[PDB]
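Asker: just coords:
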RNA sequence: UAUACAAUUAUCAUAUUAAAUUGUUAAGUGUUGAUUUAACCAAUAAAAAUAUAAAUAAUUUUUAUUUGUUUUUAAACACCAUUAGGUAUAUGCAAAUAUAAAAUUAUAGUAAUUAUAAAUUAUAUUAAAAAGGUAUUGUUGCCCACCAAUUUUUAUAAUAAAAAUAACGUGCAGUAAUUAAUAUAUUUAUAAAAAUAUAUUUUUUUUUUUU
Ligand SMILES: [Mg+2]
Ligand SMILES: [Mg+2]
Ligand SMILES: [Mg+2]
Ligand SMILES: [Mg+2]
Ligand SMILES: [Mg+2]
Ligand SMILES: [Mg+2]
Ligand SMILES: [Mg+2]
Ligand SMILES: [Mg+2]
Ligand SMILES: [Mg+2]
Ligand SMILES: [Mg+2]
Ligand SMILES: [Mg+2]
Ligand SMILES: [Mg+2]
Ligand SMILES: [Mg+2]
Ligand SMILES: [Mg+2]
Ligand SMILES: [Mg+2]
């Protein structure tokens, strides 16, 4: 998992306010896809699926969270459209009907 | 009317008391000065009570017993009884 | 001058004020007008006097023989209201009465919900509207 | 006479007994105050205390209504700007000023449209002040405590169900999984408060 | 409940004041309640009411010679058997035995 | 952790604040006692001495170990610093509660006297001659509002 | 010293014609790692969804019954403490605002009152416009507890309680007031008070009639 704190990009820096920002999500996703292609071609070469040329990876983008870092993330997928082909965009975002207590904030 | 201030008159208008001490006490602000308070004694049903009252009176040649009357309020908190004459 | 405002209300602000040519209702209006001038009455009081004045027995049920929704025609009202200001000596120059009473109505014709009024602001009361927003006022 | 009946020579004319003990109330309602401005408690426009009120809470969103200057604001031309953007992004060999002409036409109209909407909205402010606004004279309806009586009516009901006993009482919150962590003999779901 | 909800009259405002208490008044009385409760805690008060005894009259166990906090004041005179039993009660209240229901503990309870 | 307090201070304050600071030493924290507000240098050390001689009195009975670190005797600051013992191996190897004693006091005293005399300013503030209204309650004689006798 | 409440609408502790109680569901492994936080430290992470009708109205339940404290962590979150843990939510006990009352305080002798709400108080992104005061020429405004003396009443709990009070020393609790306050509950403690669990505005508002 390539993470905004895993890639540098986070600490000892500008601030927390901008930590979960759009452009960080973009940096992370675009850094991840770059490293994702070759390993995909290797995992396929292992079972004998060459995917030599003129092929796209059929992708399902599952998105969680309703936070700023989402927007930018998907953008870094869209500029890879010549490599990756998105069939389905479905977001899995947990909804709390009720459940165990969340951590107590300041006021309540 | 405040009926609990009269506790030591015991249903009487005036009292007879004996002099013991005379000390001074400072009134509630914004009134400054020294209020003279006489500490007196009297007996009822063979009980000896110490009464504490405001000395407004005129002392002449040395004398012992006073006549106590109740008033309205005064500068000094806690002192209900006043002095009429000294005998 | 507030007189013209009052008369505008009696003309346009009242559904079915009977037949306003008849000497009875006409005299009601005349007297009340002369009582708004010379300050003998509040405008509000004279208006509530006008609309509560005695007209004719079973008034509504005679009104069902003329009107559908109880809104009469406004010509009799304006002709009477000009007539009263002329016969009373209200203005030095005769025409001014009619002109002003007419003009103030024509300007209000363009306004949203023109012939209804909030009861508090309609007449003299403790709290008032600013002179621009007053209703039949010259400053609108 | 020459001015309002609710305002005499020295200020607002003091009717209730509150005015005679507190006659600062007659001459000062705030920093938007002038002398002609007494008895008309709302002050001019664009001015301090000029805002009209609706059931007591002032109307500060007017532009947001007609969709001038809001985040939700109405947009006149979209198809044009998108069309032109598409043109710019596609290729550089052919340049289309046809699109930029349709667009600048669109804008040229938009100006007058907007001035019209603004004017109509100021007329709305005037009308709203005349025929609707109470001039900050009635109690707020917009926060839950103002509706306390309503909630009371509901508490009362849950009390009469409980044999007219526990007012304002609610069921004890149990646990995330109270039902399946408890043994036979203990209450596994939260009961009515009277039932405890 | 046994103890007092309030101390003094906490709802004194003018009639039709649309709350039980004002902020000011409730703060005053919160102060007085605070002082009393703090006194109870630090002096280590203990009361008891025993079955088959007059109930309104409560034996004050915090004044008992064994459990007395002061080294000076004469505590109280309570029956030898009964006082032994009270001492045992206070002592075996302290700690949580498993299977028993958890009950709030404090420094001042000992 | 730094504790700053004034020059004029009650016995009371000395007591509870002493217990506080020692309880803070017990947890291994940094402890510095500072006077940045004082009438005279002599007074300032009067109080530093008071607080310290209360501190060892209390901390020896509960037996928590700390060594005296730093005395800074200065123009604007009169201060002492204590360091706790790190472990129970540190408490058993070095078992000491180590304080300054008359020599270190009096020496950094004269050093403060000279340091303050050199700058020409002997304290941040000094007491004022103002007498606030004071009731004494019961008296044997006439007394003016400030609490003084009548000649 | 004696010398005329209300009975049409009054907020703190004397309830009372009421339909509930019982339901076994969910969730869990691939692999080499900077998650959460304003900031520290411990260190597998996923999760627990269904019930209406019906019960008749009043006249002797008031020593009866009843008002959010609850076995099981070998199950978590949460909270409390800090690398060594505690706790983790209605089978014992537990009457209690929803008002029947006669000026404030005070265990029902202490001080002489108290409480209270709309006047006034310059900056919250409209084509400049909405805002609070325990102060009263008003924040350099007021106030809060402990910490000494004394005064006075008594139902004497570490060091009695309560009331008057004008020192000294800590602070800075309160006036949406430097983590909003208020009430109950439980814990904590130099001192105002602070932490958590519920209710709540005597706190300032931000507003999707199937997209
Ligand atoms: Mg009597
Ligand atoms: Mg007097
Ligand atoms: Mg204003
Ligand atoms: Mg409490
Ligand atoms: Mg009752
Ligand atoms: Mg348990
Ligand atoms: Mg005494
Ligand atoms: Mg006392
Ligand atoms: Mg504060
Ligand atoms: Mg606070
Ligand atoms: Mg605060
Ligand atoms: Mg509170
Ligand atoms: Mg504290
Ligand atoms: Mg509290
Ligand atoms: Mg709180």
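Answerer: Thanks, I have the structure now. Numbers count the residues shown, from 1 in each chain, chains lettered A, B, ... in the order given. Ligands and ions are numbered 1, 2, ... in the order given.
Asker: Close to chain C: what parts of chain D are there?
Answerer: Contacts of chain D with chain C, taken as Cβ under 8 Å from any Cβ of the partner chain, map to D:1, D:4-7, D:12-13, D:15, D:39-42, D:44, D:126-127, D:129-131, D:135, D:137. (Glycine included, C-beta is placed from N, CA and C.)
Asker: can you rerun that using 7 Å?
Answerer: By Cβ under 7 Å from any Cβ of the partner chain, the residues of chain D that approach chain C are D:4-6, D:15, D:39-41, D:126-127, D:129-131, D:135.
Asker: Mind checking which of these are buried?
Answerer: For the residues of chain D next to chain C, a burial check counting by 16 or more other Cβ atoms under 10 Å in any protein chain shown picks out D:4, D:5, D:6, D:39, D:40, D:41, D:126, D:127, D:129, D:130, D:135.
Asker: farthest-separated two in these?
Answerer: Greatest spatial distance in those: D:5 and D:127, 24.6 Å, computed using Cβ to Cβ.
Asker: Name the nearest residue to whichever residue of chain E sits closest to RNA strand G, ignoring sequence neighbours.
Answerer: With Cβ to the nearest atom of the strand as the measure, residue E:62 is the residue of chain E nearest to RNA strand G, at 2.4 Å. Leaving aside its sequence neighbours, residue E:62 sits nearest to residue E:46 (Cβ to Cβ, 6 or more residues apart in numbering or on different chains; 3.9 Å).
Asker: Could you report the neighbour count for that neighbour?
Answerer: Neighbourhood size, residue E:46 [other Cβ atoms under 10 Å in any protein chain shown]: 20.
Asker: who's in contact with it?
Answerer: E:61, E:62, E:67, E:90 (Cβ atoms under 7 Å, 6 or more residues apart in numbering or on different chains).
Asker: Give me the neighbour count for residue D:139.
Answerer: Residue D:139 sits with 9 neighbouring residues when counted by other Cβ under 10 Å.
Asker: That one: helix or strand, and which one exactly?
Answerer: Using DSSP states H and E, residue D:139 falls within no helix or strand.
Asker: which helices and strands does the top helix by length along chain D pack with?
Answerer: The longest helix of chain D (DSSP state H) is helix D:98-131. Applying 3 or more Cβ pairs under 7 Å, 6 or more residues apart in numbering or on different chains; DSSP states H and E, we find helix D:98-131 packed against helix D:79-90.
Asker: 8 Å - rerun?
Answerer: Where contact means 3 or more Cβ pairs under 8 Å, 6 or more residues apart in numbering or on different chains; DSSP states H and E, helix D:98-131 is packed against helix D:63-66, helix D:79-90.
Asker: what's the following helix or strand after that helix?
Answerer: Downstream of helix D:98-131, the next assigned helix or strand under DSSP H and E is helix D:148-160.
Asker: quick one: that next one near RNA strand G?
Answerer: Yes - residues of helix D:148-160 contacting RNA strand G under Cβ under 7 Å from any atom of the strand: D:148, D:151, D:160.
Asker: continuing past that helix, what's the next helix or strand?
Answerer: Heading C-terminal from helix D:148-160, the first helix or strand you meet, by DSSP H and E, is helix D:178-181.
Asker: Point me to the residue of chain E nearest chain C.
Answerer: Nearest residue of chain E to chain C: residue E:16, at 25.3 Å (Cβ to the nearest Cβ).
Asker: and what of chain F?
Answerer: For chain F, Cβ to the nearest Cβ, closest residue to chain C: residue F:133, 50.6 Å.
Asker: Please apply the same query to chain A.
Answerer: Using Cβ to the nearest Cβ, the point where chain A gets nearest to chain C is residue A:107, with a distance of 40.6 Å.
Asker: mind listing what's buried in the longest helix of chain D?
Answerer: Buried residues in helix D:98-131, defined by neighbour count with 16+ other Cβ under 10 Å: D:99, D:103, D:121, D:125, D:126, D:127, D:129, D:130.
Asker: neighbours around the nearest residue to the fourth one once chain neighbours are set aside, how many?
Answerer: Just to be clear, that refers to residue D:125. Nearest non-adjacent residue to residue D:125, counting by Cβ to Cβ, 6+ apart: residue D:62, 6.2 Å away. By other Cβ under 10 Å, the residues close to residue D:62 number 16.
Asker: From chain D, how far off is the residue positioned nearest the centre of chain F?
Answerer: Of all residues in chain F, the one closest to the mean position by Cα atoms, centre = their mean is residue F:48, 2.7 Å from it. According to Cβ to the nearest Cβ, to the nearest Å, residue F:48 stands 55 Å off from chain D.
Asker: And the residues of helix D:148-160 next to RNA strand G, which is closest to residue E:27?
Answerer: Here the nearest of those to residue E:27, counting by Cβ to Cβ, is residue D:148; it sits at 22.3 Å.
Asker: give me the number of residues near the residue in chain B that chain D sits nearest to?
Answerer: Proximity of chain B to chain D (Cβ to the nearest Cβ) peaks at residue B:30, 26.1 Å away. As a burial measure, residue B:30 scores 6 neighbours (other Cβ under 10 Å).
Asker: Could you look up the SS state of residue B:8?
Answerer: Classification of residue B:8 using DSSP: H, G, I helix; E, B strand; the rest coil returns coil.
Asker: and the residue nearest to it when sequence neighbours are not counted, what element?
Answerer: Once flanking residues are discounted, residue B:8 sits nearest to residue B:51: 5.5 Å by Cβ to Cβ, 6+ apart. Secondary structure from DSSP H and E places residue B:51 in strand B:47-54.
Asker: what's the distance between that strand and the middle of its chain?
Answerer: 8 Å (Cα atoms, centre = their mean, to the nearest Å).
Asker: longest helix of chain A?
Answerer: helix A:22-47.
Asker: and the residue of chain F closest to chain C, helix, strand or coil?
Answerer: Of the three states, residue F:133 takes coil under three-state DSSP.
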